[PDB]
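Same chain, two versions here, written out as structure tokens and called structure 1 and structure 2.
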Structure 1
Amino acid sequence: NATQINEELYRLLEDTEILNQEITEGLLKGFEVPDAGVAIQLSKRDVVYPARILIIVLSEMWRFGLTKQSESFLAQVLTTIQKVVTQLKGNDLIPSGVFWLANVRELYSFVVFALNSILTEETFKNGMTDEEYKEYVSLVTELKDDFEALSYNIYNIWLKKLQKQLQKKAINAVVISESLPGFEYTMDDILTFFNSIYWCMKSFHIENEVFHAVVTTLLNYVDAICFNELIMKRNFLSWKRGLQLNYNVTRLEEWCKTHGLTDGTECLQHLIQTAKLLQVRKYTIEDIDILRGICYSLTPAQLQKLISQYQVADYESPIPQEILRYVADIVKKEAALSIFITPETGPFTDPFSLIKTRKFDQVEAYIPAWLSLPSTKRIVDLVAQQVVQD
């Protein structure tokens, strides 16, 4: 009967000490992301199952007016998720983070959907007193704000971790790696990293703006650190080196062009222009005047630095002292009128906050076969029975 189901449901829902353990250990900390691989497409069902489970439990708590229970429940949910994202490392960094980014997004979008309802439809005032409704509204509101905070947090944390993972590979792959014959990580490693980001976000049904934001940030970061590596290289900067650098950066550019990013070049401006300098002639004063127009993103001090560390090749005529003089004279000129590019460290704006929330027409009751959650499964199954009856 219905009252039986409601009874056992109540008994299960007020039992916070078991539900919290099960949720925070088996579902959150014991999360298993599809180890199949990032390139492999999934149904949303297999991506946001924890959030949907949490949504069913929460909505059923709110059904029986268990506000305090929901408070503790969601406090531990938020804290646990942020902690889980904070502790990520290794080969699981990309797939796991995105996973949680999906789930948080699934949770937020629901909380939002709840608030609106509570405010819009009068029916939700029927079974509760004025001040219970008041504290209810207060709860859901503050919860919305807290989930904004959580989304922001795990996004920035994950992105910073990504920057950390790029740090090592990118400098060796872009500055030191030599692809072309006749002129350890390579460009294939970088390209593989970005391939993994792209495919992961694609398969976990993540919105594109987030992808654009992440890759833009990471690329600006690479441009910055690699420029900061180049402008310090002393017995390194040459025409051949310029050629190979140009080739590598070109590979990144092609990756951007082929993966839907229009503003890649703009994100790689400093490396592109440093590559352009090292190749164009720097013998005539005319050549330097043209060089000023080509490197429209480089300060005269940086130009002077790059030029003053140009390593000449066999039988190659050195950069004229008249030219070094002229350049130092333009630097002198515009000094009156630092050389390193400081990399943006974050925190950045959450891209999820710049798009519409996910609509919530329906919630699918589904608890993955391999999952071990007795109480939660009992709750979801009871609710499912109740829906089957109606």
Structure 2
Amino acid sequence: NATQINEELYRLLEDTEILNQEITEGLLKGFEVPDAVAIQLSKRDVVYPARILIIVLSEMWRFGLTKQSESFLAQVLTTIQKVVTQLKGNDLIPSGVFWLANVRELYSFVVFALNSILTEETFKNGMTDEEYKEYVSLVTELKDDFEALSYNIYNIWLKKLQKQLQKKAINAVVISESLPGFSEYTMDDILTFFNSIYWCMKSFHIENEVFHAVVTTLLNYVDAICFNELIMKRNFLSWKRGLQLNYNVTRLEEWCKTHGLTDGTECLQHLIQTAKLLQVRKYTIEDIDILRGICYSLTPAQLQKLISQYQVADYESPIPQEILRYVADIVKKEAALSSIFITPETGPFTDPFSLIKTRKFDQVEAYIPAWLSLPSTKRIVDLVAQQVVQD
């Protein structure tokens, strides 16, 4: 009956011991990420929990079920953050991105809600100033809540990504050797990593500014840790190794250039300049001044360390003592005018999403994914459809 829709629906939204169980344990914790090379996905196949949450929340606000919606959203926030926190392994990149979408979606909705409450005259005019004050306070608090959530999951995810990159890229970039015609992670693993991030953020309709931020952060991180690994290497810094490093770095730069990134070079600067230092001739004082010209991001002390641990090969002229003396004199000169290491950016970072104009919210169609095992939620949505038809 149409006479008993909103009634039953009400009695469904009033029970936050059943609904909370299905939502937090079934929908959120029991989430399934869709398939992303070139695979096209409609926006409805990605942010389905966001859509469902938006439906339940909207219908709760319609019926004035305030405290219940507050508990609901509290447990939802806690659950989402917990889920992102427990992310590990091969699913780190897609799942993360997945949630980064959903949360963002939610945020937009709330913004819209607030922008409806304050702009549209009908709301401020149609109800008491006390109730209006309550709703404004509530919705605002929720907006800030989701802001904080997105910040949290972004920084958590990014920190995890860094924790894996530290485990792969050191050996891949510094130690791994693969040159054309000269004959346990490689550069291909790194490229596969960054490609995973790209295709995931692309197929899941994520704003490119976030991609820019993430990859820039990760690149700077790689640059830092690999440089801090290289400078303490000894019986290792040879011309061949400089060539190899230059090769790997060049691969990364190529990926950046062919995937939108313009500022990919400045991130890897220390490694580039390091390879250049290891490759160029360093036999004359002029060659050293040239080296200073090229390596602008490298400090004189770092130059001294790098040069002093260079490995001269067989049939290669060793670096003169006059040169080393000149280097020490330069370092002394710089001391007359704080460590040789680079401090890696571990976090926290500014949420890139908090710098982008929030997505304009459009009307969500009443739908719940058929493959889910959430009875109450499905009954809710099904009722909501008939409700909208009625209005």
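Along the sequence of structure 1, residues get numbers from 1 upward. Only residues modelled in both forms are compared. Think of the rigid core as the biggest set of C-alphas that the two forms share within 1.5 Å after superposition.
Participant: In a superposition on the rigid core, which residue from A301, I294, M232, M128 has a CA displacement reaching 2 Å or more between structure 1 and structure 2?
Facilitator: Among the listed residues, the outlier is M128.
Participant: Could you tell me how many Å the Cα atom of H259 shifts between structure 1 and structure 2 when the rigid core is held superposed?
Facilitator: Rounded to one decimal, the shift is 0.4 Å.
Participant: Once both forms share the same rigid core frame, by what distance in Å has the CA of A365 shifted between structure 1 and structure 2?
Facilitator: So the C-alpha of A365 has moved 1.8 Å between structure 1 and structure 2.
Participant: Note down every stretch of 3+ consecutive residues with C-alpha shifts of 2 Å or more between structure 1 and structure 2, superposition done on the rigid core, in sequence order.
Facilitator: Runs shifting 2 Å or more: 1 to 3, 38 to 41, 122 to 130, 181 to 183, 388 to 390.
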